């Protein structure tokens, strides 16, 4: 289970631009989860994100399916070249990135940044 508002599935580039402005200009604690429907291993990450959302309720995590219409431009805006990629924002700036499946590091980075 999870809190509904803490996990957001973006559907348009306008939605992504809004979320990135929240993470930068708004200085809101934000995680961007870059994935693709055709990436099987990527699906290992989503359950862990939801599990951790309860521990860090101020954080909002955004799922960015790069195979969605328009969202293909998100990988250019944040310099993404592999799936899964997780990017972590705090204080209006990018604080960390995890490329590939690394669940242990995901748990450790969330604690390090947002505890």
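Residue numbers count along the first chain shown, from 1.
Using the B-factors recorded in the PDB entry, average over the C-alpha atoms of 48 to 56 and of 63 to 71, then report which stretch comes out higher.
-> Mean C-alpha B-factor is greater for 63 to 71.
Could you check which stretch, 76 to 84 or 29 to 37, carries the larger mean CA temperature factor in the entry?
-> Between 29 to 37 and 76 to 84, it is 76 to 84 that shows the higher mean C-alpha B-factor.
What third of its chain, lowest, middle or highest, does the C-alpha temperature factor of residue 13 fall into?
-> Residue 13: CA B-factor falls in the highest third of its chain.
Taking the entry's C-alpha B-factors for this chain, is residue 95 in the lowest, middle or highest third?
-> Its C-alpha B-factor belongs to the lowest third of this chain's values.
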